[PDB]
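Below, chain A is the first sequence line, B the second, and so on; all start at residue 1. For ligands, and for the atoms within them, numbers begin at 1 and follow the listed sequence. Atom set for the values below is all heavy atoms of this structure, side chains included, hydrogens, waters and symmetry mates excluded.
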Amino acid sequence: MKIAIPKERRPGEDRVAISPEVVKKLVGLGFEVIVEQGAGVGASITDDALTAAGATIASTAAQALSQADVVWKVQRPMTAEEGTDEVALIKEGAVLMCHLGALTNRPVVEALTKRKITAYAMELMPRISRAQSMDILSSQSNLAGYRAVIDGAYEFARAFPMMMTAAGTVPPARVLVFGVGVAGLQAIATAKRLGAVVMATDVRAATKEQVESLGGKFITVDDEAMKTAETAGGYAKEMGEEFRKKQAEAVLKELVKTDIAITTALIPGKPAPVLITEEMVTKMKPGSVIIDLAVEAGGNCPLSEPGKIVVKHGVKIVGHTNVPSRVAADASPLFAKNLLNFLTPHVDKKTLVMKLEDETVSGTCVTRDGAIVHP
Amino acid sequence: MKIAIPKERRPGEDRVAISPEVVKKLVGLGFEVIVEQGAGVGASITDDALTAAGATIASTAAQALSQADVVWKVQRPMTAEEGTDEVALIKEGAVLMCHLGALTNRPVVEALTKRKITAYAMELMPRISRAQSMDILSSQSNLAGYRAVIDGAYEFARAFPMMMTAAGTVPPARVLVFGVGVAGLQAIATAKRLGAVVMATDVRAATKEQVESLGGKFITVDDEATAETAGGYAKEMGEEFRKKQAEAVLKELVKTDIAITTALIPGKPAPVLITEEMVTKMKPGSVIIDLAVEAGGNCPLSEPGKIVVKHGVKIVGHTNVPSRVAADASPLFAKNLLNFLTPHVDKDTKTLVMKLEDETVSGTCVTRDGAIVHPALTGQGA
Ligand SMILES: NC(=O)c1ccc[n+]([C@@H]2O[C@H](COP(=O)([O-])OP(=O)(O)OC[C@H]3O[C@@H](n4cnc5c(N)ncnc54)[C@H](O)[C@@H]3O)[C@@H](O)[C@H]2O)c1
């Protein structure tokens with residue numbers, strides 16, 4: 001069997017769904033591994049390094065994908081309506097594994113269905129502990145949370161650590177992390193190791209102890225309300241306006257002293273919760289920066305604009321798109337490993353047969369043999 | 001007496017030679033403090049903050065400097081030949097304290113002398129222990145070393161720290177610091193703070209223990225080969241050493257992710273530490289931060305003010321690195337100035353008598369009352 005990995009064509013996408021270390025594992029499993037010439041340039045993974053690991057280099061996308069039984073990629077394939085029909089390059093009946101954005105992108109699923117492709121939408125990986133090594137949302141989020149602090153520190157005109165020199169002492173940066181999920185925890189860790197005084201808040205009560213064990217200060221809003229705020233999947237529930245007002249009052253006290261506010265909150269199937277209103281940014285100190293990591297989902301701050309740095313009220317509101325690609329050389333090997341861990345169990349002693357009864361397979365499959373599975 | 005601070009006008013300068021805390025001290029010493037409006041915007045220091053500290057706000061640079069007995073600024077004032085005659089705004093007989101670039105800028109010294117201005121070139125602060133609090137080179141350098149690591153991490157496509165995820169582990173970045181002076185020491189500490197593996201090298205033997213104290217690893221070249229001069233300064237070691245230093249460095253440099261070069265030599269172009277040949281051997285995706293770019297660079301591929309991309313490597317050569325940390329750089333530069341001035345103030349007489357026998361005064365004064373003082377600045381007008 002042949003597995004192919006093309007170059008990512010969507011604008012700004014520097015990640016690639018492969019690594020030399022994953023190529024060797026695939027070859028050891030019996031695959032012919034094909035990668036498009038130059039697919040790993042953005043991730044610092046050369047064609048020679050892939051060849052040395054056992055891969056075959058194809059000169060074009062069409063040539064790489066032409067006979068592939070399994071296609072691995074990072075973002076969903078582009079369709080004819082977008083100007084470049086990447087779906088048409090996938091062999092009819094083949095398997096596709098990638099971040100499909102299935103719930104938000106019906107036409108790509110429909111296009112795949114027409115070619116009878118079996119598509120596993122990696123972002124739908126079931127929230128079960130044995131699937132943590134296969135979860136692309138947490139491996140990429142982890143890097144995004146680190147990146148937020150680096151982007152914050154780059155845009156900030158003071159140093160993060162408190163420095164005590166012969167000339168005098170300069171205070172540390174004060175960082176506030178809104179939403180302490182996977183990205184938020186790495187944001188806290190990164191900011192803390194740099195020397196910042198770190199504060200953080202979240203609706204889930206389980207988060208408090210995680211914040212404190214990293215040396216952050218948790219901002220308590222509604223103690224007992226936090227008790228019922230988590231879902232069974234581990235996500236936050238919609239809280240409401242009464243809490244919204246509460247949250248703001250607790251937060252504002254620290255936000256007026258905050259140098260860097262990092263916002264990462266998401267709500268399953270909903271627009272991002274507004275955590276930093278325009279009124280609130282008005283009370284912030286001149287020179288402060290907001291890193292809105294939820295900008296593509298609506299933003300936790302209404303002033304953030306996707307792919308831009310907006311300046312308003314003396315505050316820089318940073319809203320880069322595709323933050324994981326700003327750490328592409330680390331993001332790629334981890335994304336590649338997520339795909340390898342998901343696929344490996346279905347190879348035996350030597351073919352690949354996806355076990356359809358496996359919960360990670362049925363939970364991720366959005367279309368198969370011309371039929372849409374999870375509408 | 002009146003002390004005035006104008007807005008910095010050189011291109012890219014965001015620092016300001018003042019802070020609210022320093023204004024308070026100056027007012028406490030009997031000074032009237034005036035700052036040009038908007039002077040601290042780049043450093044996040046508002047006029048209101050300065051007014052609340054006891055300073056007055058002047059509408060223009062000329063209104064700010066016209067009656068000032070003492071003038072503080074960051075970079076050397078511009079002359080008539082540069083488009084804005086800033087020295088013309090300084091009252092005749094006033095005292096100027098700033099980074100003058102005195103030994104490399106004749107025109108400014110001549111202009112100042114012509115108006116009988118007494119100028120203290122802060123960059124010539126004697127390297128004595130009691131003057132450390134007055135030293136603008138080290139306060140500014142320390143922030144530049146921190147900033148090199150932030151700029152490096154910003155330009156690099158991998159995280160600095162080792163990260164242990166459920167998906168697998170990603171190894172830490174490897175950093176190689178060349179030149180372990182004030183800037184190099186801060187680059188080591190900040191790179192270590194971020195969990196990087198840090199290697200470093202310098203011609204001064206004593207640096208080794210400073211590197212190890214921060215958890216970094218020293219690249220030895222020639223243990224035996226008298227390097228530190230009397231001022232705590234290094235040098236021009238010869239071609240022999242240069243070839244030998246390149247050798248051991250290569251082994252680490254071939255696996256390095258971020259190389260931060262900070263080496264300088266008093267009165268000479270910066271030493272070449274990373275040849276083009278050597279950048280050819282680095283991993284694609286690697287980044288070089290050349291903090292010595294303005295003195296000619298430690299890497300010949302660096303160009304002032306640019307990020308050069310060659311051989312898959314980013315060669316970063318921003319100018320005025322301290323200004324990339326202006327909101328911390330400004331308060332420290334202001335304190336350096338305050339620490340140098342304070343001893344000479346006589347509160348009851350409201351006079352400024354710079355003690356001539358004071359080593360900091362004699363080491364820094366380049367012109368006084370219309371007569372050049374620094375021995376290297378004597379000469380004919382242009
Ligand atoms: N900055 C000041 O004015 C000042 C004031 C007081 C004390 N000091 C002390 O003086 C020492 C020098 O520090 P600095 O920041 O001013 O140095 P610097 O800016 O002049 O040079 C940076 C470092 O580059 C090194 N270097 C020079 N040529 C080199 C080469 N070919 N290869 C490798 N490294 C090379 C130097 O030894 C120095 O340590 C330190 O101990 C500092 O604490 C400096």
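Close N/O approach between B:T201 and ligand 1 is not found [any backbone or side-chain N/O within under 3.5 Å].
For the residue pair B:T190 and B:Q186, a side-chain donor N or O sits within less than 3.5 Å of a side-chain acceptor on the partner.
Heavy atoms from both the backbone and the side chain of B:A263 come within less than 4.0 Å of ligand 1. Within the 4.0 Å heavy-atom criterion, the part of B:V180 lying near ligand 1 is the backbone and not the side chain. Neither the backbone nor the side chain of B:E228 has a heavy atom within less than 4.0 Å of ligand 1.
Residue contact annotation: B:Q132 has no non-hydrogen atom under 4.0 Å from ligand 1. Not close to ligand 1: B:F178, with no non-hydrogen atom less than 4.0 angstrom away. Contact annotation: B:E236 has no heavy atom less than 4.0 Å from any atom of ligand 1.
Between B:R15 and B:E13, at least one side-chain N (NZ, or NE/NH1/NH2) sits under 4.0 Å from a carboxylate O, which counts as a salt bridge.
Of the candidates B:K314, B:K283, B:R174, B:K283 is the only one forming a salt bridge (charged side-chain N to carboxylate O under 4.0 Å, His left out) with B:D257.
Near B:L273, meaning under 4.0 Å from one of its heavy atoms, ligand 1 places the atoms 30 (C), 31 (N), 32 (N).
Nearest heavy-atom pair, B:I5 versus B:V33, reported as atom, atom and distance to 0.1 Å: CD1-CG1, 4.1 Å. The two atoms that bring B:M97 and B:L337 nearest to each other are CB-CD2, 3.9 Å, heavy atoms only.
Distance alone, capped at 3.5 Å, places no donor-acceptor pair between the B:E276 side chain and the B:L301 backbone.
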